[PDB]
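Colleague: One structure follows; several queries about it will come next.
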Amino acid sequence: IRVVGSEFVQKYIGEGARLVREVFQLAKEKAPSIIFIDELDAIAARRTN
Amino acid sequence: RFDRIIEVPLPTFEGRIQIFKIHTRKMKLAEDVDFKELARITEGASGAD
Amino acid sequence: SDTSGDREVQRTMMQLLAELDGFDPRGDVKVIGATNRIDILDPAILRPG
Amino acid sequence: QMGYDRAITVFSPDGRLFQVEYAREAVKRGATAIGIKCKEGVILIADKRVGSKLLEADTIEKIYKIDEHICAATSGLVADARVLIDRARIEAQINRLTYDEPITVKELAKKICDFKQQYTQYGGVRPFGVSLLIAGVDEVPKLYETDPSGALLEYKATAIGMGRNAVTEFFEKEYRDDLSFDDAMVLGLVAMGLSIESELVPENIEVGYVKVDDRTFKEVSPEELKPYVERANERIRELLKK
Amino acid sequence: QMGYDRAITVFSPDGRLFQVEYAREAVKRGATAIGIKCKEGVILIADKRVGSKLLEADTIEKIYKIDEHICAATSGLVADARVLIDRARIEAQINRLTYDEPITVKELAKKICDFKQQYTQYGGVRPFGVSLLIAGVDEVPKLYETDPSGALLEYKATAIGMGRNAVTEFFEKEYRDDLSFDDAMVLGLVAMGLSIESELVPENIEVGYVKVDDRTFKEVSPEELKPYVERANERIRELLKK
Amino acid sequence: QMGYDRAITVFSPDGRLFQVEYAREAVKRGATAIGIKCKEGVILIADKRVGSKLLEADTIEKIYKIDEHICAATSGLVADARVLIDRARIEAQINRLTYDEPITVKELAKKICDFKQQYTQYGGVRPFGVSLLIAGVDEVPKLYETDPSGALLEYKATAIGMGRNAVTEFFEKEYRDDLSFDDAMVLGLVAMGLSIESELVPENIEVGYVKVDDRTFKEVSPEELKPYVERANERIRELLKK
Amino acid sequence: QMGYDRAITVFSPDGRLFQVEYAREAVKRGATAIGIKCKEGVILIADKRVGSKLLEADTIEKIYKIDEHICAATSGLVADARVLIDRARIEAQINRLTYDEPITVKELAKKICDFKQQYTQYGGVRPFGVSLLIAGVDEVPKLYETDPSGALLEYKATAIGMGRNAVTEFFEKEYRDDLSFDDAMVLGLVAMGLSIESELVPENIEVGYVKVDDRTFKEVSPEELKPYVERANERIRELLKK
Amino acid sequence: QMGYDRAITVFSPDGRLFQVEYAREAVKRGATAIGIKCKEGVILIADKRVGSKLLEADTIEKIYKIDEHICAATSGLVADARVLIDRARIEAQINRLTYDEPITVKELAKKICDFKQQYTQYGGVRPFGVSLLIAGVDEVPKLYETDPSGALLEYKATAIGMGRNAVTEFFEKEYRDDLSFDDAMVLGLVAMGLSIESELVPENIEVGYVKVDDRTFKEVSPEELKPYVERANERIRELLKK
Amino acid sequence: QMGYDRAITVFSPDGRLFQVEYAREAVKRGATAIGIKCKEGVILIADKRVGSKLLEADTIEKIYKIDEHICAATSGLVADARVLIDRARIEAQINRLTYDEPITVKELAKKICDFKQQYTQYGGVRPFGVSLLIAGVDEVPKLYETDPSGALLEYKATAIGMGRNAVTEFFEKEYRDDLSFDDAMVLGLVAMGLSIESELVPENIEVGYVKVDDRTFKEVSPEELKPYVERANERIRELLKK
Amino acid sequence: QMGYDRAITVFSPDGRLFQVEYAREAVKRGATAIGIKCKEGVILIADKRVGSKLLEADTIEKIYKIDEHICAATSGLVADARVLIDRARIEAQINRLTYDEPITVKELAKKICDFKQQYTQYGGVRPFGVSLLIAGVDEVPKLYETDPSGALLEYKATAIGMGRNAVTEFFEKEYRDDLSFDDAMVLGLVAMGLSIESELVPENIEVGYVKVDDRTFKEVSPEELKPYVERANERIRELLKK
């Protein structure tokens, strides 16, 4: 399952989360399953103070 | 697509004198109305005003 | 989805993509196209697949 | 670009000071002052016009001698001008004190800019938000523009303030490098009238000048402005009413 | 919102210091003070309806002596006013000291403007939120306004404080330049009465004035105030009616 | 936000300085003190009741002798009081050093006021959150109150501190300029008595005065104090029926 | 968050310098010390419980000689104590030089209060977060508490630090102003036990005193303090049963 | 980024002083100044086109004479340029005062680099956001580039500013260190030609050079300059078709 | 703590100063250094271990001679420590200058605490981020610890640094006051062995001491070192079998 | 983390200072400089590789002479170097002034790290962010790394710049305490070639050295580099076949 990374994050958010739960659900329902998750640099973050 | 890009900005001092002329036509009487002094006072106004 | 508007657009979006893949490993129906702005939209047509 | 423009010390990420840019919009919140330099000396005219007749215009000054052969006009705060012109007067006199020779127009503008430069480095101080036009005749007429950045530019005709853009549009067309006193005074008056959008009266213009063949500052009197103001007004009306 | 009102060192990109414009609005929360210039003297009228009954008659009492031909009213921070009014006395006596000449009003106002600009340019300190009316007779009667910024303006009738906007309009109609001492004195009283929205009595103003002939500060006595009050109240009554 | 209140070098958008405006309320947090003027001199009364059994009944003091013929009260921080009155005393004795003349009641409060004005303009330091009441007889009695800004207001009877609201209402009806020394003294004790909601005891309150015959500061032992407190207390019982 | 505890110069809206009540808390967290004023002398008792036994059991010091007739005990940072005591000891020795007089407890108190108020007022340097107890006999026994802001409060008996609260209630009941030297000492030792919730040991207390008839400072030696402790343990145990 | 580029007192994770490098970006935005060294001397070529035609086209100017064998051209602010070049002049005469030798190019570049670094290292003040080319022949041809950083890089052909990109790339191919005096001159003109993306006119450029044979700065007049401009132009048109 | 840790001028709501607590953590970044006092002298053992075999083990050293009978060790910054201890040499010498006396170890500790305290008060500067161990003999052995705040604690078996936590634990159990110079020497080598969690050799550790019989500083040559470590090793192995 | 790298005065929660760590990141960012010590001298080699063939082959310069037998070479900001080495030279001369002795590498290192630390301490100045490897012969060869922190460390052989890690992993294997002088300088060419990963010519490295046997600093020419350069290259080629 190829999960797009562009679609992840918005300027105010809710749909970006929908696609995580969705492919998570789909993966369980149909195990074995390999969810390619590009890209962990549009949802990876660093902290700030 | 919309080939001539026409600025109609807020009318000039002369251009305002002419707008008062359009009005005067449908108005009845006036002889001491000085159109120019009217334009001068009404600096940066449009036809509607 | 919000049902009438979204389901139709989502469906037709898929139906486009599906068709262009499945009649070409090699030329049969060559598919040509265009888009005005491709960064105002999230990947669908801008997928490498 | 927030926070890199809220300091003086801080260059933009783009590189340029945008603080100084903003002290240069502060000029334009003043009133136009135009100088035009001619083959015969140098003429400085300024908008003496003020917001009510409670204020007397004549006393509101816009245009000062700095030496007896250099005059300057301001645009920007009145407040900052008082200091700068008292600096400029001190500096010309300081030149005559250790040399006995009246200051070069270039050198007065320079020294003014250097003063201003120092007040635009340090973080605990606000730079001089004004600009002067420095116009004199040393041996040759010069007509300088000091900038609140602290930069200097020589001109053949120039403006500062709100009227800056229009006056440029006027002299691009009508200046020539062979004009007489008389032509220059007319052209300097016409250019201002477009800016304020109004026909001139000597109770709203101030004109001072320094001639090559004299080299003493003089102010064109309300009486003696009149023949020029007839000629200037006719052109101003012809442009501002088609 | 912006760093532009949050420092006094930063010009807005609008080319305005908002700190100076909030020092500006420090003056308007002071009680009214009005100045009237006549050709026969120059007249400063100032509130003394300030406070309760638990407060003295002569409670501030704004029209402090600066020199022997110079008085000045104030509006703004009563604190910051005292130091500027004190600095005004010293600067005046300095003029007397270093030259032996009576203090030019024009130069005194210039010298307050430069002193107030030290606190404007520097950011480690703050410029006073007081407007003073510098008036006196050095050789001819004069009336100026010195701003929080420390900017020189010539006036011939003005107001400062909360009464200001009303009084500007009143003089745009009433003020004249063909004006006698008694009439002037009556006229400005008229104007004060609009400000306080109420009739005058000689116990809620102090009026100082500087004559030409005499060339000295004198305070008007309550008994002496009284006829001027009576004449003035006629117009107050009419104009606070619709 | 709002404020524009983290420095004094930044004016708030209302034309105030919040920093000075919070320091005027820091007086109200402090102990009450009451001033009352009569024509046989001016009595200054200060609350010496602070603490309970853990604190000594004599806590310093709060009604300091500043000069020989001048005393002042304090309200606001105990800490800020300590330093201000050191300087005040120095200045009062310094006037005699250089002139050999009694310092004027009006002028000593002015020079106290100038020290805090200084602290209103420099940003490196906070203004003192303290108010002194300046009571004396220069040769007629005068009562002033000094403010955290460095503001100066002439009073004739006043309260400061906790009792700020209370005593003003109380003096609207009660106060008059023909009370005797004794009726006025007693009226001062009632007024503190409303402030604290309690009957007084001469052992935990300190009273000083400068009379007109003497023109010299004196202080009232608790033994002398008893009859006044007694006359005062009847009216305080009358208050606390409501 | 606040921004009023960013710095001292910033008052809160509450009319409070928020950063100096936080210097106040600095005192509370440190170990306790009690001064007990009688008419037969003054007693000073202060912590030595501190650390374990990897420390010296005669770790130095809470009981500082200031002069030979004045002693002090501290809570808060003993960094800030180390410098504050250095300045206090020198401040006192200056008085003896330029007057040849022992300084009085009260006059000393004013000078160190003034010293603390310098850092309190300035913004570029933090205040002290330490309290000082100054107990002496100058010519009568006298006891002050010096606050971190430089404020002066005279006590009958006082403690500061951790155990303050326990002492306040305890002394509220038993302490009298007419106590003996023996009584007052034993009692403050009872009080010191309660503060740390344990029996005393003479290795966990350092104790000094200034006597009326001796006029000298002397520190009570561990085994000369031991019979006092021994009669005090009885009471401490009695009160820790409950 | 953020914050590692908004202050002078930081360092980024990369370890770059972006504050200094955005004052290198202020050089970078206007305008081309070229140095080209040869075995017969060193030639410093610079723009003299600035703005419209209302500014004079034979002054303002980048090439200041600094000594009688030293010249520099500038890029970046006109405000930094005047103060810095005056300083450079002074530094040249400091070596002459104290040693009575002509200054060397190496030592001068060392001094004006330290001048700039002093401001860099300190906080609360920006560095001069200018770059120069220091060209001279003492007894050895030298061409240097001094950075807004306070750094020193030796060159034999360079350009700073807007033209940097084009002129590095031209000189990557063309340059050989075996040029003649003439060959270097045309080649440097050809190079400035490409940078503004136009054919060069002798009336918008200035050339200075310091010869090996004479060992003087000589300042090249528009008349002598023009022959070399004719030789370059053929080159320039060929390479703007390519 | 979150905005009250961005400067040293702050106090936190805990009563703690988090900027000083972060400086104390600087000390634990560096290595352990341990001191012991026994009745025959005081013992200083410094870690001298190299982090790479390309270093030379004679500059990560802690031991510094300060007087002919006072040495001290360090943990914290290296940088801060060398300046801190060059000062402590100057203070010690400065006492010899004016008294002709070598400095008591108690007095020297009090002086350098007071020096470190001025770096904590000022907001222009960060504290010294170091703690010291000052070990000397004045007449009888003394061992004191400085904290990075400038506070003073007398100790009698002690450590600072990372291994401090384990050395405390170690001397809790093991250390008694019945130990000889030799017996105390071995215990400090064992306390260093615990903390690095391996066996020692005498080229990664350095011993200095001050004895009371010799009343001098000596430094233990590598030659005199081997037997102490050889005994220690016997016992360091036992804790690596727990 | 943000706000523990916005000041140099702010210690982080970990005891680290991320500013100072970012100044060490500045040293790694730059060009490489390697120092090698042997018993017959200490040989110091620095990268002379240029960005273009438009830069003069020797760019001024990578190895300074500080004393007569003391050199240092550079890695990190080249800006900071100018002032930092200038200061270092004056100090090496000052010791010759005041003792008439060549300074020792300890004490020159010491002055310079003390000078560093002072500007790490202050928040109004940021420290030098360059590391120099100071080499010289005292009684024995010495090689020191002065860190941007303000720490000195002595090395047997070392590296700094971008190539640092590569040359620390290299000398761990190869470096021994038997290396000859000629084989030492060669071993440092091998190192140098590893860092840039390109072969060496004598036109992209600069070697000076310090001989014991001469007891003087000498500067090795390219001509006299040539044999050493070929020898090292055979080995450089083998490391790039691995």
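All residue names refer to the structure tokens as shown: chains lettered A, B, ... in order, residues numbered from 1 in each chain, ligands numbered from 1 in order.
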Skipping near chain neighbours, those fewer than 5 positions away, what residues fall within 10 Å of residue G:147 using only C-alpha atoms, listed as a PyMOL selection string?
Modeller: (chain F and resi 78-79) or (chain G and resi 20+23-24+27+113+116-117+128-133+152-153)
Colleague: Within 8 Å of residue E:72, counting only C-alpha atoms, which residues show up once you throw out same-chain ones fewer than 3 positions away? Write them as number ranges by chain, please.
Modeller: E: 44, 62-66, 85, 132-135
Colleague: Pick out the chain E residues within 8 Å of chain F. Count only C-alpha atoms. Give them as JSON, numbers by chain.
Modeller: {"E": [5, 6, 7, 8, 19, 22, 23, 24, 25, 26, 27, 29, 53, 54, 55, 56, 58, 59, 60, 77, 78, 79, 80, 82, 83, 123, 124, 125, 126, 127, 128]}
Colleague: Only C-alpha atoms, please: the residues just picked out, written as a short mmCIF file (atom, residue, chain, number, x, y, z; two decimals), in the first residue's frame.
Modeller:
```cif
data_model
loop_
_atom_site.label_atom_id
_atom_site.label_comp_id
_atom_site.auth_asym_id
_atom_site.auth_seq_id
_atom_site.Cartn_x
_atom_site.Cartn_y
_atom_site.Cartn_z
CA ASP E 5 4.96 50.87 18.46
CA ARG E 6 6.95 48.41 20.70
CA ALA E 7 10.19 50.36 20.20
CA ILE E 8 10.95 53.97 19.93
CA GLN E 19 5.81 55.96 20.27
CA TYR E 22 1.54 57.90 21.71
CA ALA E 23 3.60 60.55 23.43
CA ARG E 24 1.46 62.77 21.34
CA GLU E 25 -1.61 61.33 22.98
CA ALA E 26 -0.12 61.76 26.36
CA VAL E 27 -0.65 65.54 25.90
CA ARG E 29 -5.15 63.46 28.46
CA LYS E 53 -12.49 71.14 46.97
CA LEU E 54 -9.90 69.17 48.93
CA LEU E 55 -7.54 70.72 46.44
CA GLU E 56 -6.26 74.32 46.63
CA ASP E 58 -4.12 77.78 43.06
CA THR E 59 -3.50 74.08 42.36
CA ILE E 60 -1.52 73.90 39.14
CA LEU E 77 2.60 64.71 32.21
CA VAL E 78 2.79 67.33 35.01
CA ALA E 79 6.02 65.59 36.04
CA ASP E 80 7.83 65.83 32.73
CA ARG E 82 8.40 70.70 35.54
CA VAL E 83 11.77 69.62 34.19
CA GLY E 123 16.15 54.62 22.95
CA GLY E 124 17.59 53.90 26.42
CA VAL E 125 15.43 56.87 27.49
CA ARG E 126 12.09 58.32 26.52
CA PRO E 127 11.01 61.82 25.21
CA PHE E 128 8.67 63.85 27.37
#
```
Colleague: State, in Å with one decimal place, the distance from atom CA of residue H:196 to atom CA of residue J:50.
Modeller: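 According to the coordinates, atom CA of residue H:196 and atom CA of residue J:50 are separated by 27.9 Å.
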Colleague: Find the residue from B:27, B:17, B:48, B:38 that sits nearest to chain D; use only C-alpha atoms when measuring.
Modeller: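 For chain D, the nearest of the candidates is B:17.
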Colleague: Env of residue E:164: 10 Å cut, atoms = only C-alpha atoms, seq-sep filter 5 positions within chain, self excluded. Answer as number ranges by chain.
Modeller: E: 28, 31-34, 158-159, 169-170, 192, 195
Colleague: Selection from above, C-alpha atoms, as an mmCIF file, in the first residue's frame, can you write it?
Modeller:
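result.cif, written as the output of this step:
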```cif
data_model
loop_
_atom_site.group_PDB
_atom_site.id
_atom_site.type_symbol
_atom_site.label_atom_id
_atom_site.label_comp_id
_atom_site.auth_asym_id
_atom_site.auth_seq_id
_atom_site.Cartn_x
_atom_site.Cartn_y
_atom_site.Cartn_z
ATOM 1 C CA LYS E 28 -4.374 65.116 25.145
ATOM 2 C CA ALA E 31 -6.407 69.347 30.835
ATOM 3 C CA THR E 32 -6.821 72.114 28.230
ATOM 4 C CA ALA E 33 -4.548 75.076 27.791
ATOM 5 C CA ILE E 34 -5.009 77.759 25.106
ATOM 6 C CA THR E 158 -3.652 77.279 19.304
ATOM 7 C CA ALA E 159 -4.797 74.864 22.067
ATOM 8 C CA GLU E 169 -12.260 75.119 14.888
ATOM 9 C CA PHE E 170 -13.323 78.098 17.060
ATOM 10 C CA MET E 192 -11.788 78.358 27.114
ATOM 11 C CA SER E 195 -13.541 73.616 26.278
#
```
Colleague: Among stretch 25-197 of chain D, which ones does DSSP place in alpha helix (DSSP H), written as a PyMOL selection string?
Modeller: chain D and resi 78-98+105-118+164-174+181-196
Colleague: Quick check, in Å to one decimal: how far apart do atom CA of residue G:141 and atom CA of residue G:223 lie?
Modeller: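 Atom CA of residue G:223 lies 25.7 Å from atom CA of residue G:141.
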Colleague: What does the structure give for the distance between atom CA of residue E:35 and atom CA of residue D:206, in Å to one decimal?
Modeller: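 Result for atom CA of residue E:35 versus atom CA of residue D:206: 26.7 Å, one decimal.
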Colleague: Quick check for you: according to DSSP on this backbone, which residues of chain A are classed as strand (DSSP E)? Reply as a PyMOL selection string.
Modeller: chain A and resi 2-3+36-37
Colleague: Quick one: everything within 9 Å of residue I:70, counting only C-alpha atoms, minus sequence neighbours fewer than 5 positions away in the same chain. Send it as a PyMOL selection string.
Modeller: chain I and resi 64-65+103-105+134-138+209-210+216-217
Colleague: Generate a file of the selected residues that holds C-alpha atoms, formatted as a PDB file, in the first residue's frame.
Modeller:
```
ATOM      1  CA  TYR I  64      46.866  24.352  40.652  1.00  0.00           C
ATOM      2  CA  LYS I  65      49.287  25.894  43.127  1.00  0.00           C
ATOM      3  CA  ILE I 103      46.675  34.066  53.214  1.00  0.00           C
ATOM      4  CA  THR I 104      44.638  31.870  55.568  1.00  0.00           C
ATOM      5  CA  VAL I 105      42.859  29.212  53.574  1.00  0.00           C
ATOM      6  CA  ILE I 134      40.402  24.660  48.197  1.00  0.00           C
ATOM      7  CA  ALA I 135      42.621  22.634  50.319  1.00  0.00           C
ATOM      8  CA  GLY I 136      45.242  24.190  52.493  1.00  0.00           C
ATOM      9  CA  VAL I 137      46.842  24.502  55.877  1.00  0.00           C
ATOM     10  CA  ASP I 138      46.970  27.859  57.523  1.00  0.00           C
ATOM     11  CA  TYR I 209      48.598  17.854  49.322  1.00  0.00           C
ATOM     12  CA  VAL I 210      49.386  20.185  52.148  1.00  0.00           C
ATOM     13  CA  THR I 216      53.828  23.243  52.727  1.00  0.00           C
ATOM     14  CA  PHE I 217      52.383  22.125  49.620  1.00  0.00           C
TER      15      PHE I 217
END
```
